[PDB]
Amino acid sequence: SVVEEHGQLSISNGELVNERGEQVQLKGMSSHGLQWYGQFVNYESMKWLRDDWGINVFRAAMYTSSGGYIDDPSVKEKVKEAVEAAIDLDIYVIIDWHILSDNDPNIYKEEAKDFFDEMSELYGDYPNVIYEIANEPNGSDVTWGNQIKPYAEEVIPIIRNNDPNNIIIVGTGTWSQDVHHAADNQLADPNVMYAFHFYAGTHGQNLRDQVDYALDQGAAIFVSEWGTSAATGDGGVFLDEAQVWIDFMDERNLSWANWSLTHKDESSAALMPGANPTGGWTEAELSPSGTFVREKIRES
């Protein structure tokens, strides 16, 4: 229903819109690393998220380092499973080249180009696909103008040779928080968005103001990862500040994906250790974070 109705997504005047030009807001879940918690990524769990939580997008977080794709490239087949499930379930899907410790996206740029060539050749004639080419550039030696923008200007042409206009999300500096610099020096492609990520354990008022600054430059922003926890993925849940962010994103109509769908013993994890990897969870099988996120997507 979702993808048949909204169809081809694009950016118009800095906003995500459907094929009629109407604003659309995606809300869903991210996997944890596919090399660690891939058992939670399958048609049945994704169908349960669609039908019981109301998700309309799923993010496949393919770590590059940390035992991910560079170390063992077999994980790309789990990305394919997730994309195919999203096609069968008629929801959108984010293919996330999940850099982190490999903090400069240029470290694995050759591999990224080959990976995104393959994915865009396979799936570029479906409207479901959204490409997230570098999760979180980070480090004071990795800047938008010197490192990230030029990386994007090599990977985007590879994708565009196979897929002229599905959405591309491009990470920003300082762990995808520095939307100000990106918004002042935007990419040319008209169907790009810039990633902004937050974790509710950080007091967020200035970060919200910086998102507004970026929006005011005509940059489109996708909140492709956020958590209810501290920035470590743990440290308790911060539901008061998470709700502030939820309301802010609704007012600005910003799409989002929550970190993350796993039973790992950390506060941002949505599931408790007895949750079935194929779905059907009871309330007791959701964590405090998962209960809250589920409520947010169902309310929507």
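Note that residue numbering follows the sequence shown and begins at 1. For clarity, a rigid core is taken as the largest C-alpha set superposing within 1.5 Å between two forms.
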Problem - Positional deviation of Cα atoms in 4 other deposited structures of this protein after core superposition, greater for 38-46 or 229-237 - result: 229-237
Completion exercise
Core-fitted, the stretch whose Cα atoms sit farther from this form in 4 other deposited structures of this protein, 246-254 versus 268-276, is 268-276
Practice task
Quick one: say whether 281-289 or 6-14 has the higher mean Cα B-factor in the deposited entry.
Solution key: 281-289
Practice task
Tell me which of 139-147 and 117-125 has the higher mean C-alpha B-factor in the deposited entry.
Solution key: 139-147
Practice task
Please work out which residue in 153, 163, 72, 84 has the highest C-alpha B-factor recorded for this crystal structure.
Solution key: 72
Fill in the blank from the handout: Top Cα B-factor in this entry, restricted to 32, 59, 252, 50, sits on 252
Exercise for the section: Quick one: classify residue 64 as lowest, middle or highest third of the chain based on its Cα B-factor. Expected result: middle
Handout entry: Chain-wide C-alpha B factor ranking for residue 257, given as lowest, middle or highest third
Key = lowest
Fill in the blank from the handout: Split the chain's modelled residues into thirds by Cα B-factor; residue 171 lands in the lowest
Completion exercise
For residue 180, the third of its chain by CA B-factor is the highest
Handout entry: Position of residue 77 among the chain's modelled residues by C-alpha B-factor, lowest, middle or highest third
Key = middle
